[PDB]
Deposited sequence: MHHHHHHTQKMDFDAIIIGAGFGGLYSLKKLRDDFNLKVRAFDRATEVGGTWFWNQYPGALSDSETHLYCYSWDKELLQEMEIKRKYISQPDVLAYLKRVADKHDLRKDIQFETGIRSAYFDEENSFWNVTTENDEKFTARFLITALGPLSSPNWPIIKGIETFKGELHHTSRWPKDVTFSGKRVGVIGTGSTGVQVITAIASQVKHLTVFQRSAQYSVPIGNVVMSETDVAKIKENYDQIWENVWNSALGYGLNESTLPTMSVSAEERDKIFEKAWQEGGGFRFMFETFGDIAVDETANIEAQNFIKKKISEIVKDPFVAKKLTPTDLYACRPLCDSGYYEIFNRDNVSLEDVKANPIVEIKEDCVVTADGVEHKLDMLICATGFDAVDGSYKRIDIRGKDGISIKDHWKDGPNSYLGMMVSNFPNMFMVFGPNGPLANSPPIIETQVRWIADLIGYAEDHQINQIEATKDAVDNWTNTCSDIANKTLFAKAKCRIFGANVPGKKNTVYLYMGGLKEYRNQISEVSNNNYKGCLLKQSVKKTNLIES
């Protein structure tokens, strides 16, 4: 028996464990398939892996001594350094003694008689707990491209999600399929290391410089001396990225003024900075969105000296989402050892023992093929567990059409289960989201223990209520004319207001059962 079982030992699961064990004195065990803490920062060790958030904000805020001890080496933080940070958190707070590593959870079945969860590992070990905390992260299974003959390739074949140690690039012909955030990071990191690089691009996206520079001891001292105000700014913001979130309409200033504002953000770096510190309506007004696109289009044409390559890199969609972030991506395509293939116009039709074949019949001979082709959607990690709630309803069937929840944390028919960084949550920097959710869930569990209530479940109506306010906010946005509602788009501050009103009003929308 435990009071709570936690699935996952990334950012989300580690603070869940700290909060429930040490602040609410509950008996807790966490599980992870990994051999070490860190979650996605343990699993994802591909070349160029880098935070989107600046280093001083991509971390916990709840341990003030840890903040003052923070290593802030560069403006953004690389994967080995995030992993080392989370390892330090687990060291300082004695967390691993209550984490069972190398242990996958195969099933969790709710026992309506006892009002607790029966949790079974992949090695048939059974544990019981009143509450189930699912901290599964935003990514499900690695998505491989479905291409005839991929199994015949005899060279090195790697998905970015399983990047092996000891990979060497010198002298090799390498291909990369995929040009999302991970593909851009990999391509930028390895182009100078390989004999030849072929990029297989299905859809060009916009990318802005990230501006990753070293941090002087003075830069760092200025942050740490003001850290309380910095976090207060996070909690009162929509995105939690430390931005000065603009209200200025894009088309309310002159062309010369507009160019200077975009250039300012371009030089300082960051994708959210470009989209939301410049002007206030780029995600809302079609004309504003096109102006932002055209700024980046002009940059691509200036950086990439061959205009035919520049055209291939230039996105074609009418409206644009938030741009990627890079450390020298477009410059890569000026190199003599880089070839860009548009596989919308010239699709991949076959992989053979030594090559990728495109529809023009060209054999692209490769020593190594890197699939930066992404992951299944967030609800996949839930459906990959055999989770059965009331009446034995499985989460696979409950979410057959997509995920739906209350506040991003509670699922109807699944009592005493609480999601951390689950579907239908806010779009903001993730550590502040996870801290917000862990603290709300722990307060709810604490109120349960005080009031002797043993079953907490959100109602069908509350879920539909949450789905509607997500739909209503999203429909003021361009993001239907671009690439169930997966995200609450009201921002971090309003999300915290939303869940504060629920807890202040006796957990409206939650069925509470007393024993």
item	value
Ranges missing from the model, given as deposited sequence positions	1 to 11, 495 to 507, 540 to 548
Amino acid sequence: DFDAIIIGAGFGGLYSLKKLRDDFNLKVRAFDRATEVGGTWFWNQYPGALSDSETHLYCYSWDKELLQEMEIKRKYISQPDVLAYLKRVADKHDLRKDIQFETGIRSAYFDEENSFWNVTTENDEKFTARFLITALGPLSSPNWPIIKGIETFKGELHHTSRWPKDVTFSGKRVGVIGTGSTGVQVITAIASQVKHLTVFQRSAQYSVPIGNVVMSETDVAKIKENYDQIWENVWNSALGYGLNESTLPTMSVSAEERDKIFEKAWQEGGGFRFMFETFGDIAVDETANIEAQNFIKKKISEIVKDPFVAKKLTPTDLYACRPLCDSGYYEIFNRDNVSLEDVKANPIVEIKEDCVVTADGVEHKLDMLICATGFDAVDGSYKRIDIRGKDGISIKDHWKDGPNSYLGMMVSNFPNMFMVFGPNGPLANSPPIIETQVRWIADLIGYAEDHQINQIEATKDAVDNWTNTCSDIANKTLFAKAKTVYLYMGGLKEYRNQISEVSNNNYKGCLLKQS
From here on, numbers count along this sequence of modelled residues.
property	result
Residue stretch of maximal mean CA temperature factor, 93 to 101 vs 183 to 191	93 to 101
Mean Cα B-factor comparison, 167 to 175 or 381 to 389, giving the higher one as deposited	381 to 389
Identity of residue with top Cα B-factor, from 327, 316, 161, 436	316
468, 44, 35, 53, ranked by C-alpha B-factor: the highest one	468
Entry-reported Cα temperature factor of residue 113, expressed as the chain third it lands in	highest
Residue 58 - which third its CA temperature factor falls in, relative to the rest of the chain	lowest
Cα B factor band for residue 28 (lowest, middle or highest third within the chain)	middle
Entry-reported Cα temperature factor of residue 7, expressed as the chain third it lands in	middle
Entry-reported Cα temperature factor of residue 373, expressed as the chain third it lands in	lowest
